[PDB]
$ cat protein37.json   # JSON, C-alpha atoms and all ligand atoms
[["chain", "number", "residue", "atom", "x", "y", "z"],
["A", 12, "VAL", "CA", 204.67, -52.87, 17.90],
["A", 13, "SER", "CA", 201.62, -50.83, 16.75],
["A", 14, "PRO", "CA", 202.14, -50.74, 12.87],
["A", 15, "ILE", "CA", 202.00, -54.57, 12.73],
["A", 16, "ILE", "CA", 198.86, -54.75, 14.92],
["A", 17, "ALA", "CA", 197.14, -52.10, 12.76],
["A", 18, "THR", "CA", 197.99, -54.26, 9.70],
["A", 19, "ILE", "CA", 196.38, -57.37, 11.26],
["A", 20, "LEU", "CA", 193.16, -55.38, 11.95],
["A", 21, "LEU", "CA", 193.02, -54.16, 8.30],
["A", 22, "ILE", "CA", 193.32, -57.76, 6.99],
["A", 23, "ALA", "CA", 190.39, -58.82, 9.22],
["A", 24, "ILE", "CA", 188.26, -55.90, 7.85],
["A", 25, "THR", "CA", 189.25, -56.74, 4.22],
["A", 26, "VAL", "CA", 187.88, -60.31, 4.43],
["A", 27, "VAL", "CA", 184.43, -59.08, 5.62],
["A", 28, "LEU", "CA", 184.22, -56.59, 2.71],
["A", 29, "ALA", "CA", 185.10, -59.33, 0.18],
["A", 30, "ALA", "CA", 182.48, -61.65, 1.75],
["A", 31, "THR", "CA", 179.93, -58.79, 1.51],
["A", 32, "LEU", "CA", 180.73, -58.17, -2.20],
["A", 33, "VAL", "CA", 180.20, -61.89, -3.02],
["A", 34, "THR", "CA", 176.59, -61.65, -1.73],
["A", 35, "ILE", "CA", 175.93, -58.53, -3.86],
["A", 36, "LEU", "CA", 177.07, -60.33, -7.05],
["A", 37, "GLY", "CA", 174.65, -63.24, -6.41],
["A", 38, "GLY", "CA", 171.73, -60.93, -7.36],
["A", 39, "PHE", "CA", 173.05, -60.66, -10.96],
["A", 40, "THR", "CA", 174.30, -64.19, -11.73],
["A", 41, "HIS", "CA", 170.90, -65.98, -11.96],
["A", 42, "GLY", "CA", 167.69, -66.21, -14.04],
["A", 43, "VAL", "CA", 169.25, -65.66, -17.52],
["A", 44, "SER", "CA", 168.33, -68.31, -20.12],
["A", 45, "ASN", "CA", 167.38, -68.79, -23.79],
["A", 46, "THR", "CA", 163.54, -68.53, -23.81],
["A", 47, "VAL", "CA", 162.97, -67.66, -27.52],
["A", 48, "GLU", "CA", 160.57, -69.92, -29.50],
["A", 49, "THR", "CA", 158.95, -69.43, -32.95],
["A", 50, "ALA", "CA", 156.26, -71.46, -34.72],
["A", 51, "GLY", "CA", 154.25, -71.52, -37.95],
["A", 52, "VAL", "CA", 150.68, -71.76, -36.62],
["A", 53, "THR", "CA", 147.31, -71.46, -38.41],
["A", 54, "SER", "CA", 143.86, -71.39, -36.81],
["A", 55, "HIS", "CA", 140.10, -71.40, -37.52],
["A", 56, "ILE", "CA", 137.32, -70.41, -35.07],
["A", 57, "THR", "CA", 133.67, -71.58, -34.96],
["A", 58, "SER", "CA", 130.68, -71.34, -32.55],
["A", 59, "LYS", "CA", 131.81, -74.66, -30.91],
["A", 60, "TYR", "CA", 135.53, -75.28, -31.67],
["A", 61, "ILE", "CA", 138.90, -73.65, -32.20],
["A", 62, "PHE", "CA", 141.17, -75.60, -34.58],
["A", 63, "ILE", "CA", 144.96, -75.12, -34.32],
["A", 64, "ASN", "CA", 147.35, -76.62, -36.85],
["A", 65, "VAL", "CA", 151.15, -76.37, -36.55],
["A", 66, "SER", "CA", 153.39, -76.38, -39.67],
["A", 67, "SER", "CA", 156.87, -75.90, -38.09],
["A", 68, "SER", "CA", 158.58, -74.84, -34.81],
["A", 69, "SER", "CA", 162.02, -73.65, -33.65],
["A", 70, "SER", "CA", 162.18, -76.56, -31.15],
["A", 71, "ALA", "CA", 160.12, -79.61, -30.11],
["A", 72, "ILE", "CA", 158.25, -78.85, -26.84],
["A", 73, "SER", "CA", 155.64, -80.58, -24.63],
["A", 74, "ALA", "CA", 151.98, -79.56, -25.13],
["A", 75, "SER", "CA", 151.76, -79.35, -21.29],
["A", 76, "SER", "CA", 154.42, -76.55, -21.25],
["A", 77, "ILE", "CA", 152.21, -74.20, -23.35],
["A", 78, "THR", "CA", 149.54, -72.02, -21.72],
["A", 79, "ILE", "CA", 146.45, -70.83, -23.65],
["B", 12, "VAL", "CA", 179.73, -61.26, -26.79],
["B", 13, "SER", "CA", 176.13, -60.05, -27.43],
["B", 14, "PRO", "CA", 176.28, -59.16, -31.24],
["B", 15, "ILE", "CA", 177.22, -62.79, -32.08],
["B", 16, "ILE", "CA", 174.44, -64.24, -29.86],
["B", 17, "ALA", "CA", 171.88, -61.87, -31.45],
["B", 18, "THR", "CA", 173.06, -63.15, -34.88],
["B", 19, "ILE", "CA", 172.52, -66.82, -33.87],
["B", 20, "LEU", "CA", 168.93, -66.00, -32.74],
["B", 21, "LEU", "CA", 168.17, -64.27, -36.10],
["B", 22, "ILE", "CA", 169.36, -67.36, -38.05],
["B", 23, "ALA", "CA", 167.03, -69.59, -35.98],
["B", 24, "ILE", "CA", 164.07, -67.22, -36.73],
["B", 25, "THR", "CA", 164.96, -67.12, -40.47],
["B", 26, "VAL", "CA", 164.67, -70.91, -40.88],
["B", 27, "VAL", "CA", 161.11, -70.96, -39.39],
["B", 28, "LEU", "CA", 159.98, -68.19, -41.78],
["B", 29, "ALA", "CA", 161.40, -70.10, -44.79],
["B", 30, "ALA", "CA", 159.67, -73.31, -43.60],
["B", 31, "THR", "CA", 156.40, -71.31, -43.25],
["B", 32, "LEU", "CA", 156.71, -69.87, -46.80],
["B", 33, "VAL", "CA", 157.17, -73.41, -48.27],
["B", 34, "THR", "CA", 153.76, -74.43, -46.85],
["B", 35, "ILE", "CA", 152.08, -71.33, -48.37],
["B", 36, "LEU", "CA", 153.43, -72.17, -51.86],
["B", 37, "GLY", "CA", 151.99, -75.73, -51.69],
["B", 38, "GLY", "CA", 148.46, -74.24, -52.13],
["B", 39, "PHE", "CA", 149.37, -73.00, -55.66],
["B", 40, "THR", "CA", 151.50, -75.85, -57.08],
["B", 41, "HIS", "CA", 148.73, -78.48, -57.54],
["B", 42, "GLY", "CA", 145.56, -79.28, -59.53],
["B", 43, "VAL", "CA", 146.62, -77.73, -62.89],
["B", 44, "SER", "CA", 146.28, -80.07, -65.91],
["B", 45, "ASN", "CA", 145.22, -80.20, -69.58],
["B", 46, "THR", "CA", 141.47, -81.06, -69.44],
["B", 47, "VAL", "CA", 140.39, -79.79, -72.91],
["B", 48, "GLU", "CA", 138.57, -82.29, -75.20],
["B", 49, "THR", "CA", 136.60, -81.73, -78.46],
["B", 50, "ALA", "CA", 134.46, -84.13, -80.49],
["B", 51, "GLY", "CA", 132.31, -84.24, -83.62],
["B", 52, "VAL", "CA", 129.06, -85.71, -82.26],
["B", 53, "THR", "CA", 125.61, -86.11, -83.87],
["B", 54, "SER", "CA", 122.41, -87.30, -82.19],
["B", 55, "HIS", "CA", 118.76, -88.27, -82.78],
["B", 56, "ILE", "CA", 116.02, -88.55, -80.12],
["B", 57, "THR", "CA", 112.86, -90.73, -80.12],
["B", 58, "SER", "CA", 110.13, -91.76, -77.62],
["B", 59, "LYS", "CA", 112.26, -94.83, -76.63],
["B", 60, "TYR", "CA", 115.93, -94.22, -77.60],
["B", 61, "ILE", "CA", 118.66, -91.62, -77.92],
["B", 62, "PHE", "CA", 121.19, -92.41, -80.68],
["B", 63, "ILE", "CA", 124.71, -90.91, -80.44],
["B", 64, "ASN", "CA", 127.21, -91.21, -83.26],
["B", 65, "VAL", "CA", 130.80, -89.93, -83.03],
["B", 66, "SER", "CA", 132.70, -88.78, -86.16],
["B", 67, "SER", "CA", 136.02, -87.58, -84.62],
["B", 68, "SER", "CA", 137.61, -86.64, -81.26],
["B", 69, "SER", "CA", 140.67, -84.71, -80.00],
["B", 70, "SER", "CA", 141.84, -87.81, -78.07],
["B", 71, "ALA", "CA", 140.80, -91.46, -77.54],
["B", 72, "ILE", "CA", 139.05, -91.82, -74.14],
["B", 73, "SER", "CA", 137.21, -94.57, -72.20],
["B", 74, "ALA", "CA", 133.39, -94.58, -72.41],
["B", 75, "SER", "CA", 133.41, -95.08, -68.58],
["B", 76, "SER", "CA", 135.18, -91.68, -68.11],
["B", 77, "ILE", "CA", 132.25, -89.75, -69.70],
["B", 78, "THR", "CA", 129.21, -88.74, -67.62],
["B", 79, "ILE", "CA", 125.77, -88.19, -69.22],
["C", 101, "LIG", "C1", 169.82, -79.89, -12.17],
["C", 101, "LIG", "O1", 170.40, -80.93, -12.95],
["C", 101, "LIG", "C2", 169.51, -82.01, -13.25],
["C", 101, "LIG", "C3", 170.31, -83.05, -14.03],
["C", 101, "LIG", "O2", 170.71, -82.52, -15.30],
["C", 101, "LIG", "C4", 168.28, -81.49, -13.99],
["C", 101, "LIG", "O3", 168.58, -81.01, -15.30],
["C", 101, "LIG", "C5", 167.65, -80.36, -13.20],
["C", 101, "LIG", "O4", 166.53, -79.87, -13.92],
["C", 101, "LIG", "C6", 165.34, -80.38, -13.30],
["C", 101, "LIG", "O5", 165.20, -81.79, -13.48],
["C", 101, "LIG", "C7", 164.03, -82.35, -12.87],
["C", 101, "LIG", "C8", 164.11, -83.85, -13.10],
["C", 101, "LIG", "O6", 164.25, -84.15, -14.50],
["C", 101, "LIG", "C9", 162.79, -81.71, -13.47],
["C", 101, "LIG", "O7", 161.63, -82.23, -12.83],
["C", 101, "LIG", "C10", 160.75, -82.68, -13.84],
["C", 101, "LIG", "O8", 159.84, -81.64, -14.18],
["C", 101, "LIG", "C11", 158.98, -82.05, -15.23],
["C", 101, "LIG", "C12", 158.11, -80.88, -15.69],
["C", 101, "LIG", "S1", 158.37, -80.64, -17.31],
["C", 101, "LIG", "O9", 157.51, -79.53, -17.79],
["C", 101, "LIG", "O10", 158.02, -81.87, -18.05],
["C", 101, "LIG", "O11", 159.79, -80.29, -17.55],
["C", 101, "LIG", "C13", 158.11, -83.21, -14.75],
["C", 101, "LIG", "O12", 157.29, -82.79, -13.65],
["C", 101, "LIG", "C14", 159.00, -84.38, -14.30],
["C", 101, "LIG", "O13", 158.18, -85.39, -13.73],
["C", 101, "LIG", "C15", 158.14, -86.59, -14.49],
["C", 101, "LIG", "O14", 157.79, -87.50, -13.46],
["C", 101, "LIG", "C16", 156.47, -87.30, -12.92],
["C", 101, "LIG", "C17", 156.28, -88.31, -11.81],
["C", 101, "LIG", "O15", 156.75, -89.56, -12.31],
["C", 101, "LIG", "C18", 157.48, -90.26, -11.29],
["C", 101, "LIG", "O16", 156.60, -91.08, -10.51],
["C", 101, "LIG", "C19", 155.94, -92.11, -11.25],
["C", 101, "LIG", "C20", 154.96, -92.80, -10.32],
["C", 101, "LIG", "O17", 153.89, -91.89, -10.06],
["C", 101, "LIG", "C21", 156.97, -93.06, -11.87],
["C", 101, "LIG", "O18", 156.31, -94.05, -12.66],
["C", 101, "LIG", "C22", 157.96, -92.28, -12.74],
["C", 101, "LIG", "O19", 158.97, -93.18, -13.22],
["C", 101, "LIG", "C23", 158.58, -91.11, -11.97],
["C", 101, "LIG", "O20", 159.47, -91.67, -11.00],
["C", 101, "LIG", "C24", 155.42, -87.41, -14.02],
["C", 101, "LIG", "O21", 154.13, -87.17, -13.50],
["C", 101, "LIG", "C25", 155.73, -86.40, -15.12],
["C", 101, "LIG", "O22", 154.77, -86.51, -16.18],
["C", 101, "LIG", "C26", 154.39, -85.19, -16.63],
["C", 101, "LIG", "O23", 155.00, -84.16, -15.83],
["C", 101, "LIG", "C27", 154.68, -82.79, -16.16],
["C", 101, "LIG", "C28", 153.58, -82.28, -15.23],
["C", 101, "LIG", "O24", 154.08, -82.31, -13.89],
["C", 101, "LIG", "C29", 154.34, -82.64, -17.64],
["C", 101, "LIG", "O25", 154.61, -81.31, -18.07],
["C", 101, "LIG", "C30", 155.16, -83.63, -18.46],
["C", 101, "LIG", "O26", 155.01, -83.37, -19.86],
["C", 101, "LIG", "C31", 154.75, -85.06, -18.12],
["C", 101, "LIG", "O27", 153.62, -85.39, -18.94],
["C", 101, "LIG", "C32", 157.15, -86.60, -15.65],
["C", 101, "LIG", "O28", 157.18, -87.85, -16.33],
["C", 101, "LIG", "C33", 160.01, -83.89, -13.28],
["C", 101, "LIG", "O29", 160.93, -84.94, -12.98],
["C", 101, "LIG", "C34", 161.00, -85.29, -11.58],
["C", 101, "LIG", "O30", 160.66, -86.66, -11.36],
["C", 101, "LIG", "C35", 160.89, -87.05, -10.01],
["C", 101, "LIG", "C36", 160.77, -88.57, -9.89],
["C", 101, "LIG", "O31", 161.06, -88.94, -8.54],
["C", 101, "LIG", "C37", 161.74, -89.26, -10.83],
["C", 101, "LIG", "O32", 163.08, -88.86, -10.53],
["C", 101, "LIG", "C38", 159.92, -86.33, -9.08],
["C", 101, "LIG", "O33", 158.97, -87.26, -8.56],
["C", 101, "LIG", "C39", 159.18, -85.22, -9.82],
["C", 101, "LIG", "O34", 158.19, -85.81, -10.68],
["C", 101, "LIG", "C40", 160.13, -84.39, -10.68],
["C", 101, "LIG", "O35", 160.99, -83.61, -9.84],
["C", 101, "LIG", "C41", 162.84, -80.19, -13.30],
["C", 101, "LIG", "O36", 161.75, -79.58, -13.98],
["C", 101, "LIG", "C42", 164.14, -79.62, -13.85],
["C", 101, "LIG", "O37", 164.26, -78.25, -13.49],
["C", 101, "LIG", "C43", 168.65, -79.26, -12.90],
["C", 101, "LIG", "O38", 168.00, -78.31, -12.07],
["C", 102, "LIG", "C1", 151.54, -91.85, -60.20],
["C", 102, "LIG", "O1", 152.32, -92.53, -61.18],
["C", 102, "LIG", "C2", 151.76, -93.76, -61.64],
["C", 102, "LIG", "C3", 152.74, -94.37, -62.63],
["C", 102, "LIG", "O2", 152.90, -93.53, -63.78],
["C", 102, "LIG", "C4", 150.37, -93.50, -62.24],
["C", 102, "LIG", "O3", 150.42, -92.74, -63.45],
["C", 102, "LIG", "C5", 149.52, -92.75, -61.24],
["C", 102, "LIG", "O4", 148.25, -92.49, -61.83],
["C", 102, "LIG", "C6", 147.31, -93.42, -61.27],
["C", 102, "LIG", "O5", 147.55, -94.76, -61.70],
["C", 102, "LIG", "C7", 146.64, -95.73, -61.17],
["C", 102, "LIG", "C8", 147.12, -97.08, -61.67],
["C", 102, "LIG", "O6", 147.22, -97.10, -63.10],
["C", 102, "LIG", "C9", 145.23, -95.38, -61.61],
["C", 102, "LIG", "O7", 144.31, -96.31, -61.04],
["C", 102, "LIG", "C10", 143.52, -96.83, -62.09],
["C", 102, "LIG", "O8", 142.33, -96.06, -62.21],
["C", 102, "LIG", "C11", 141.53, -96.52, -63.30],
["C", 102, "LIG", "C12", 140.35, -95.59, -63.52],
["C", 102, "LIG", "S1", 140.40, -95.02, -65.07],
["C", 102, "LIG", "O9", 139.23, -94.14, -65.31],
["C", 102, "LIG", "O10", 140.35, -96.16, -66.01],
["C", 102, "LIG", "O11", 141.64, -94.24, -65.28],
["C", 102, "LIG", "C13", 141.07, -97.94, -63.01],
["C", 102, "LIG", "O12", 140.25, -97.96, -61.83],
["C", 102, "LIG", "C14", 142.28, -98.86, -62.81],
["C", 102, "LIG", "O13", 141.83, -100.15, -62.40],
["C", 102, "LIG", "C15", 142.06, -101.16, -63.36],
["C", 102, "LIG", "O14", 142.05, -102.29, -62.50],
["C", 102, "LIG", "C16", 140.78, -102.57, -61.90],
["C", 102, "LIG", "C17", 140.97, -103.77, -60.98],
["C", 102, "LIG", "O15", 141.72, -104.73, -61.72],
["C", 102, "LIG", "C18", 142.70, -105.34, -60.86],
["C", 102, "LIG", "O16", 142.14, -106.50, -60.21],
["C", 102, "LIG", "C19", 141.74, -107.53, -61.12],
["C", 102, "LIG", "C20", 141.06, -108.62, -60.30],
["C", 102, "LIG", "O17", 139.80, -108.12, -59.85],
["C", 102, "LIG", "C21", 142.94, -108.04, -61.91],
["C", 102, "LIG", "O18", 142.53, -109.02, -62.86],
["C", 102, "LIG", "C22", 143.61, -106.88, -62.66],
["C", 102, "LIG", "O19", 144.79, -107.35, -63.32],
["C", 102, "LIG", "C23", 143.93, -105.72, -61.70],
["C", 102, "LIG", "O20", 145.01, -106.15, -60.87],
["C", 102, "LIG", "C24", 139.72, -102.80, -62.98],
["C", 102, "LIG", "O21", 138.46, -103.03, -62.38],
["C", 102, "LIG", "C25", 139.65, -101.58, -63.88],
["C", 102, "LIG", "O22", 138.68, -101.78, -64.91],
["C", 102, "LIG", "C26", 137.91, -100.57, -65.11],
["C", 102, "LIG", "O23", 138.27, -99.55, -64.15],
["C", 102, "LIG", "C27", 137.56, -98.30, -64.22],
["C", 102, "LIG", "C28", 136.44, -98.29, -63.19],
["C", 102, "LIG", "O24", 137.03, -98.39, -61.89],
["C", 102, "LIG", "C29", 137.07, -98.01, -65.64],
["C", 102, "LIG", "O25", 136.93, -96.61, -65.83],
["C", 102, "LIG", "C30", 138.07, -98.58, -66.65],
["C", 102, "LIG", "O26", 137.75, -98.14, -67.97],
["C", 102, "LIG", "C31", 138.10, -100.10, -66.56],
["C", 102, "LIG", "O27", 137.05, -100.60, -67.40],
["C", 102, "LIG", "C32", 141.02, -101.26, -64.48],
["C", 102, "LIG", "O28", 141.35, -102.32, -65.37],
["C", 102, "LIG", "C33", 143.19, -98.28, -61.74],
["C", 102, "LIG", "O29", 144.39, -99.05, -61.66],
["C", 102, "LIG", "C34", 144.66, -99.59, -60.35],
["C", 102, "LIG", "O30", 144.73, -101.02, -60.37],
["C", 102, "LIG", "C35", 145.17, -101.54, -59.11],
["C", 102, "LIG", "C36", 145.48, -103.03, -59.27],
["C", 102, "LIG", "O31", 145.97, -103.52, -58.02],
["C", 102, "LIG", "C37", 146.53, -103.26, -60.34],
["C", 102, "LIG", "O32", 147.73, -102.54, -60.02],
["C", 102, "LIG", "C38", 144.11, -101.30, -58.04],
["C", 102, "LIG", "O33", 143.51, -102.53, -57.67],
["C", 102, "LIG", "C39", 143.03, -100.34, -58.56],
["C", 102, "LIG", "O34", 142.18, -101.04, -59.47],
["C", 102, "LIG", "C40", 143.65, -99.14, -59.27],
["C", 102, "LIG", "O35", 144.32, -98.30, -58.33],
["C", 102, "LIG", "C41", 144.87, -93.97, -61.16],
["C", 102, "LIG", "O36", 143.59, -93.59, -61.69],
["C", 102, "LIG", "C42", 145.90, -92.96, -61.65],
["C", 102, "LIG", "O37", 145.66, -91.70, -61.05],
["C", 102, "LIG", "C43", 150.19, -91.47, -60.78],
["C", 102, "LIG", "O38", 149.37, -90.89, -59.77]]

$ encode --input "protein37.json" --output "structure tokens" --more "lines below"
Ligand SMILES: *[C@@H]1O[C@H](CO)[C@H](O)[C@H](O[C@@H]2O[C@H](CO)[C@@H](O[C@@H]3O[C@H](CS(=O)(=O)O)[C@H](O)[C@H](O[C@H]4O[C@H](CO[C@H]5O[C@H](CO)[C@@H](O)[C@H](O)[C@@H]5O)[C@@H](O)[C@H](O[C@H]5O[C@H](CO)[C@@H](O)[C@H](O)[C@@H]5O)[C@@H]4O)[C@H]3O[C@@H]3O[C@H]([C@H](O)CO)[C@H](O)[C@H](O)[C@H]3O)[C@H](O)[C@H]2O)[C@H]1O
Ligand SMILES: *[C@@H]1O[C@H](CO)[C@H](O)[C@H](O[C@@H]2O[C@H](CO)[C@@H](O[C@@H]3O[C@H](CS(=O)(=O)O)[C@H](O)[C@H](O[C@H]4O[C@H](CO[C@H]5O[C@H](CO)[C@@H](O)[C@H](O)[C@@H]5O)[C@@H](O)[C@H](O[C@H]5O[C@H](CO)[C@@H](O)[C@H](O)[C@@H]5O)[C@@H]4O)[C@H]3O[C@@H]3O[C@H]([C@H](O)CO)[C@H](O)[C@H](O)[C@H]3O)[C@H](O)[C@H]2O)[C@H]1O
Amino acid sequence: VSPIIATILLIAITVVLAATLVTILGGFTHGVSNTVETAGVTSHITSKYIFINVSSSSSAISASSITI
Amino acid sequence: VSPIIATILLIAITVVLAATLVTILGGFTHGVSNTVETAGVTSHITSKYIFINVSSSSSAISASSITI
């Protein structure tokens, strides 16, 4: 009797460890993305205005997505 | 994995630098031309008239292109 019952208990424990491991991995598998951007920018500053002129960029992006 | 991805990023950066350089060169490659002219001119001045008589010139040019 007892060696089979001990085996059933060890299977039950194994599933909870595997379920625990899955929640540990979830802290690694997020928030990685390609955020690199590169632009040719020139600028001139005066007592009233900043002028900004763009010559090229790595990608086309919305002017609302850029913070100054 | 990562050495190939790093290489792809460096190619993307390289193109933006080359595009930047092309706009720098554009400030040199304009406004150079052969503007030299030379004429045999004689003149006489009076209380009412200036007389101007031309004997030869380096090229034939319109009288509207000359400022006095
Ligand atoms: C999962 O997989 C999916 C499918 O592939 C997506 O890829 C998803 O990624 C998300 O997608 C959503 C939806 O595309 C993104 O939400 C958008 O976020 C942008 C911000 S962003 O910087 O431009 O990138 C915008 O906020 C966008 O909103 C649009 O709609 C706004 C409201 O317009 C709605 O209502 C008007 C009436 O008032 C209707 O006429 C119109 O048709 C539409 O229904 C606009 O205001 C907005 O304009 C400006 O928005 C931002 C400022 O907020 C600005 O930066 C922009 O440049 C632009 O000038 C823009 O036109 C979001 O889209 C969703 O739109 C729904 C709407 O119901 C239509 O479905 C909501 O109302 C919200 O507006 C918004 O959720 C999200 O960013 C992505 O992560 C993957 O995760
Ligand atoms: C790119 O490559 C091309 C091809 O090689 C050229 O080399 C180009 O260089 C430019 O070329 C253009 C065109 O030739 C040049 O523009 C001329 O500029 C001169 C000034 S200049 O000092 O003489 O060198 C003139 O302004 C000339 O205009 C002529 O036409 C005028 C208008 O006449 C038109 O309309 C009447 C009706 O009213 C028609 O009857 C007529 O047929 C014609 O269609 C005339 O007024 C003008 O007379 C006087 O002009 C100047 C004073 O402005 C004076 O200095 C002259 O001595 C002369 O007495 C002259 O006859 C310009 O030619 C263009 O003509 C077109 C017209 O549509 C015909 O195509 C426009 O209407 C303009 O008149 C003008 O653009 C330019 O200078 C060069 O840089 C390279 O860059």

$ closest_atom_pairs --input "protein37.json" --of "chain B" --to "ligand LIG 102 (chain C)" --cutoff "8 Å" --atoms "all atoms listed in the file" --output "Markdown table"
| residue | atom | partner | partner_atom | distance |
| --- | --- | --- | --- | --- |
| B:73 | CA | C:LIG102 | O26 | 5.6 |
| B:74 | CA | C:LIG102 | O26 | 7.2 |
| B:75 | CA | C:LIG102 | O25 | 4.7 |
| B:76 | CA | C:LIG102 | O9 | 5.5 |

$ interface_residues --input "protein37.json" --of "chain B" --to "chain A" --cutoff "12 Å" --atoms "only C-alpha atoms" --output "ChimeraX atom specification"
/B:16-17,19-35

$ write_last_selection --input "protein37.json" --atoms "C-alpha atoms" --output "PDB file, in the frame of the given file"
ATOM      1  CA  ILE B  16     174.440 -64.240 -29.860  1.00  0.00           C
ATOM      2  CA  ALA B  17     171.880 -61.870 -31.450  1.00  0.00           C
ATOM      3  CA  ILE B  19     172.520 -66.820 -33.870  1.00  0.00           C
ATOM      4  CA  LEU B  20     168.930 -66.000 -32.740  1.00  0.00           C
ATOM      5  CA  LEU B  21     168.170 -64.270 -36.100  1.00  0.00           C
ATOM      6  CA  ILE B  22     169.360 -67.360 -38.050  1.00  0.00           C
ATOM      7  CA  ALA B  23     167.030 -69.590 -35.980  1.00  0.00           C
ATOM      8  CA  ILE B  24     164.070 -67.220 -36.730  1.00  0.00           C
ATOM      9  CA  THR B  25     164.960 -67.120 -40.470  1.00  0.00           C
ATOM     10  CA  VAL B  26     164.670 -70.910 -40.880  1.00  0.00           C
ATOM     11  CA  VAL B  27     161.110 -70.960 -39.390  1.00  0.00           C
ATOM     12  CA  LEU B  28     159.980 -68.190 -41.780  1.00  0.00           C
ATOM     13  CA  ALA B  29     161.400 -70.100 -44.790  1.00  0.00           C
ATOM     14  CA  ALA B  30     159.670 -73.310 -43.600  1.00  0.00           C
ATOM     15  CA  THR B  31     156.400 -71.310 -43.250  1.00  0.00           C
ATOM     16  CA  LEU B  32     156.710 -69.870 -46.800  1.00  0.00           C
ATOM     17  CA  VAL B  33     157.170 -73.410 -48.270  1.00  0.00           C
ATOM     18  CA  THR B  34     153.760 -74.430 -46.850  1.00  0.00           C
ATOM     19  CA  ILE B  35     152.080 -71.330 -48.370  1.00  0.00           C
TER      20      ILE B  35
END

$ atom_distance --input "protein37.json" --atom1 "atom CA of residue A:72" --atom2 "atom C12 of ligand LIG 101 (chain C)"
11.3 Å

$ calpha_fit_and_write --input "protein37.json" --fixed "chain A" --moving "chain B" --output "compact mmCIF listing (two decimals) with C-alpha atoms, keeping the file's coordinate frame"
# COMPACT_ATOMS: atom_id res chain seq x y z
CA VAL B 12 204.69 -52.87 17.87
CA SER B 13 201.61 -50.84 16.75
CA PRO B 14 202.12 -50.73 12.87
CA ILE B 15 201.99 -54.57 12.72
CA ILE B 16 198.85 -54.76 14.92
CA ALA B 17 197.13 -52.09 12.77
CA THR B 18 197.99 -54.25 9.70
CA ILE B 19 196.38 -57.38 11.25
CA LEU B 20 193.15 -55.39 11.95
CA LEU B 21 193.02 -54.16 8.30
CA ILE B 22 193.32 -57.75 6.99
CA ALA B 23 190.39 -58.83 9.21
CA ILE B 24 188.26 -55.91 7.85
CA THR B 25 189.24 -56.73 4.22
CA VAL B 26 187.88 -60.30 4.42
CA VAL B 27 184.42 -59.08 5.61
CA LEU B 28 184.21 -56.59 2.72
CA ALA B 29 185.10 -59.33 0.19
CA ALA B 30 182.48 -61.66 1.75
CA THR B 31 179.92 -58.79 1.51
CA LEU B 32 180.73 -58.16 -2.20
CA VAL B 33 180.19 -61.89 -3.02
CA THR B 34 176.59 -61.65 -1.73
CA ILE B 35 175.92 -58.53 -3.86
CA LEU B 36 177.07 -60.33 -7.05
CA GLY B 37 174.66 -63.25 -6.41
CA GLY B 38 171.72 -60.94 -7.36
CA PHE B 39 173.05 -60.66 -10.97
CA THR B 40 174.30 -64.20 -11.73
CA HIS B 41 170.91 -65.99 -11.96
CA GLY B 42 167.70 -66.21 -14.04
CA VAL B 43 169.25 -65.65 -17.51
CA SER B 44 168.34 -68.31 -20.12
CA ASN B 45 167.39 -68.80 -23.79
CA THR B 46 163.55 -68.53 -23.81
CA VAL B 47 162.98 -67.66 -27.51
CA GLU B 48 160.58 -69.92 -29.50
CA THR B 49 158.94 -69.43 -32.95
CA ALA B 50 156.26 -71.46 -34.72
CA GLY B 51 154.26 -71.53 -37.94
CA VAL B 52 150.68 -71.76 -36.62
CA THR B 53 147.31 -71.46 -38.41
CA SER B 54 143.86 -71.39 -36.81
CA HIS B 55 140.10 -71.39 -37.52
CA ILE B 56 137.32 -70.41 -35.07
CA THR B 57 133.67 -71.58 -34.96
CA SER B 58 130.69 -71.34 -32.55
CA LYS B 59 131.81 -74.65 -30.90
CA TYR B 60 135.53 -75.27 -31.67
CA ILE B 61 138.90 -73.64 -32.20
CA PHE B 62 141.17 -75.59 -34.58
CA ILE B 63 144.97 -75.12 -34.32
CA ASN B 64 147.35 -76.61 -36.84
CA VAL B 65 151.15 -76.37 -36.55
CA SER B 66 153.39 -76.38 -39.66
CA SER B 67 156.87 -75.90 -38.09
CA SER B 68 158.57 -74.85 -34.81
CA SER B 69 162.02 -73.66 -33.65
CA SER B 70 162.19 -76.56 -31.15
CA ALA B 71 160.12 -79.62 -30.11
CA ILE B 72 158.25 -78.85 -26.85
CA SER B 73 155.64 -80.58 -24.63
CA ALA B 74 151.99 -79.56 -25.14
CA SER B 75 151.76 -79.35 -21.29
CA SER B 76 154.42 -76.55 -21.24
CA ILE B 77 152.22 -74.20 -23.36
CA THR B 78 149.54 -72.02 -21.72
CA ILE B 79 146.45 -70.83 -23.65

$ atom_distance --input "protein37.json" --atom1 "atom CA of residue A:40" --atom2 "atom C9 of ligand LIG 101 (chain C)"
21.0 Å

$ axis_aligned_box --input "protein37.json" --around "stretch 51-60 of chain A" --padding-each-side "3 Å" --output "lines of an AutoDock Vina configuration file"
center_x = 142.5
center_y = -72.8
center_z = -34.7
size_x = 29.6
size_y = 10.9
size_z = 13.5

$ closest_residue --input "protein37.json" --among "A:77, A:54, A:18, A:44" --to "ligand LIG 101 (chain C)" --atoms "all atoms listed in the file"
A:77
